[PDB]
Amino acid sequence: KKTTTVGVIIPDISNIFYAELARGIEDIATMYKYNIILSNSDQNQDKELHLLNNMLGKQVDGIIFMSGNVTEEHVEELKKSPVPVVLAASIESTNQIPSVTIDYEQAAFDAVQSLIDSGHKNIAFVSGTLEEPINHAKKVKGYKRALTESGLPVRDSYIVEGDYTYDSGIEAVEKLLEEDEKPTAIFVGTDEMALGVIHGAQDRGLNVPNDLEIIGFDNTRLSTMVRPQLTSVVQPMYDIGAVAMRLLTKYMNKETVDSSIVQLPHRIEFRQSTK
C-alpha cells in the first residue's frame, strides 16, 4: 500500500544525456507506480555523498545513482547505505555495487573500428574530462585498441580532452586541424561536443562527412538536431532504466540478485556524419 518512492541523482544539468536518462528512469518508474525525486550533484563527491543522506531523510525507498567517478570512498559510504542503490551508466571498476551500463570500451572500439573500415587510417579522439573512468579507462582504451589492432599509429596529440560543453568541441577540432597531418575522422565522447566538432570543422571550410567523418556518443536528442545528422553510439536509455528498476525493486522487496552487475548491449545509430 505505502506508495514507494525512488531517488534519482544525476551529476549535472550540462550533459543532457544524464537528464534524458533520468527522464527515461522516471518513465519506467511511473508504470511501477513509484514516486521519483531527482537531485543534482554538480559532480562534487560531497554533495553526492550528502545526497545519500538527503535521499534517506527524504524517505526514499531506493536510489538510482548516476556519476562520473564512483571512487572507492563512494563505494564505502554506499555499501553502508540504508536504502538500496544501484548505478546507471556509471563505471565502478571494483564491481562491488549493483550497476547497469553498456560496455563503453567495446562501444568506443566499435565506433573507431567503424571508421577504420571506411578507410580512415588516422582518426582522432575528442573526449571528456580524462580524470573520469568512462574516459581514461574505457573510451580512450577502446579507441586505442581499435587503432593498434588495425596496426595504426597512436598519437598523443590525436586525443584531445574537452569538458563536455559544446564549445570545448569546437576548440577541439581547431587544435586537431592545427595538426601536422589532420585527422580524416574524429570520434567524440558525447553528442554535444560532437556537435561542436562538426561546426568548427564546418566553419573552417571542411565538409562532413566528405572531408571529416565524425561519430558521437550517447545518441541524445542533439543527434538529429544537426546537419549532417550525427551518427552516434547508442546507450539504450530505456533498457538502462528498466533493468535498473527491476534490480532496485528486487532490492527494495528484499529479494535476491543473481546478476548484480548487468551490462546491456549497445549499437551505433548511423546517420549523415559518416559516409
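Note that residue numbering follows the sequence shown and begins at 1. Here, rigid core means the biggest group of C-alpha atoms that superpose within 1.5 Å across both forms.
Comparing the two stretches 73-81 and 193-201 by root mean square C-alpha distance in 7 other deposited structures of this protein, with all structures fitted on the core, the more displaced one is 73-81. After a core fit, the C-alpha atoms in 7 other deposited structures of this protein lie farther on average from the shown form in one of 233-241 and 214-222, namely 233-241. Higher mean CA temperature factor between 116-124 and 152-160: 152-160, per the PDB entry.
Set 97-105 against 173-181 and average the Cα temperature factors; 173-181 ends up higher. Listed residues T231, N44, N40, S67 were ranked by CA B-factor as deposited; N44 comes out on top.
The PDB entry assigns the greatest CA B-factor among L195, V75, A111, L147 to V75. For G62, the recorded CA temperature factor ranks within the lowest third of the chain's modelled residues. Split the chain's modelled residues into thirds by C-alpha temperature factor. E92 is in the highest one.
In this PDB entry, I13 carries a Cα temperature factor that places it within the highest third of its chain's modelled residues. Ranked within its chain, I28 lands in the highest third, by CA B factor from the PDB record. Annotation for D167: CA B-factor lies in the middle third of the chain's modelled residues.
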